[PDB]
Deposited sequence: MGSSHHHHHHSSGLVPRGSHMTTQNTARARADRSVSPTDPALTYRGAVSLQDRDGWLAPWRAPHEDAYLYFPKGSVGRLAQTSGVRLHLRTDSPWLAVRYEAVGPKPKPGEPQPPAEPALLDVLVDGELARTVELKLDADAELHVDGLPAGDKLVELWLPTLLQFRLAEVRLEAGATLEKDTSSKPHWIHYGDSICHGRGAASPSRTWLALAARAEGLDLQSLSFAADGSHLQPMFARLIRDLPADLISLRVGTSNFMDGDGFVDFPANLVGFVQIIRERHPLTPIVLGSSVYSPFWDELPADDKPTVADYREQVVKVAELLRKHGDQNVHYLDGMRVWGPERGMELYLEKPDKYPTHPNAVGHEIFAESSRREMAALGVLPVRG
């Protein structure tokens, strides 16, 4: 701390929040949201709403010559029902695309993060916000006399929707999720609309959101989340067709990747019980993709989730210990998933983007 220090508002025009749909101003605090905060009620029931403010795939960009930075923050974890736990809260600091500092965050408190010893000279600073938490800012501080410039990069936009799991789980740190690794290797401006199982039911409000967002590449992975509720199979093809058509109103030529669910050791292996299976959902993703293509859509493609993450993926790539069901990839698993997704999307001809 010093009087001379340069104080920066979280709403300063030189700051860019990437991966955020809206920014909520609440009594001196700035909360990035992954849906329009004023309309949150439209997307989820009251309890579930908090998930929209979790800063997964959200990053703060700024150009500065400052050898240090300080952020006044508050990190709020999800409210647990009485069966109390004991998931490290990390914030990544990238300098010119390279990881400079992984910072351990203080929870449910008005706290201050201080990253000293950053390279001297002009550089792009990316603060990759925590993955399973709501993160709010009140101030950014830099060295006195330090420069502050907007990051003017115009990377192609990549929107990812779907999955039945939280992507922050098992990743080494926020910039090391499969999504973060895949976007960074490709040079893409990521936007995650992944809100685990509940948010992956092909809700028309999410399709409207995707449609109203800038996008150069769109990927949707669905199926299993609907299977998990045992309800949604009959309407599934109509909901998926409807979902793509809404997006196509504003993205008529943008590559849309229709992903069938990735292999789940738990869900894929459940006994059929004359009820639709995970395999049945995967076959519908295929059918809709062929139907859209057959009637003129040259920019709709099918991505087999078994090719991205199949049954051949060993325990060495899962986080969960033997007495639990393997559900999440570990740090190496997140790297494999990322390279595998890039390889499969390149095979479809959607990668590279520019």
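- The deposited chain is incompletely modelled, with C-alpha atoms absent over 1-27, 114-116, 385.
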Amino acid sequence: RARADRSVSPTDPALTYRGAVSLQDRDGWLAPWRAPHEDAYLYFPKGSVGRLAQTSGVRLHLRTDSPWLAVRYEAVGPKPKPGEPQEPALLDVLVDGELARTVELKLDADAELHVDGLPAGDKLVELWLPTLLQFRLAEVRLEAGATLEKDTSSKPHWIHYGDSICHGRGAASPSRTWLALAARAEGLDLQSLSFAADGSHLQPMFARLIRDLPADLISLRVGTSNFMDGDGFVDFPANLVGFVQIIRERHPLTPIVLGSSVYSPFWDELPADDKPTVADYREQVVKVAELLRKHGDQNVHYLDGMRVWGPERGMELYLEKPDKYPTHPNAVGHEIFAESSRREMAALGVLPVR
From here on, numbers count along this sequence of modelled residues.
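- Look at the mean CA B-factor for 66-74 and for 43-51 in the entry; the higher one is 43-51.
- Of the two segments, 269-277 and 217-225, the one listed with the higher mean B-factor is 269-277 (C-alpha atoms only).
- As recorded in the PDB entry, 296 shows the highest C-alpha B-factor of the residues 28, 32, 36, 296.
- Per the PDB entry, 166 shows the highest C-alpha temperature factor of the residues 166, 241, 93, 247.
- Per the deposited record, the Cα B-factor of residue 325 falls in the highest third when ranked against the other modelled residues of its chain.
- Sort the modelled residues of the chain by CA B factor and residue 58 lands in the lowest third.
- Among the modelled residues of its chain, residue 194 has a C-alpha B-factor that falls in the middle third according to the deposited record.
- Ranked against the other modelled residues of its chain, the C-alpha B-factor of residue 258 as given in the entry falls in the middle third.
- When the CA B factors of the chain's modelled residues are split into thirds, the value for residue 2 lands in the highest one.
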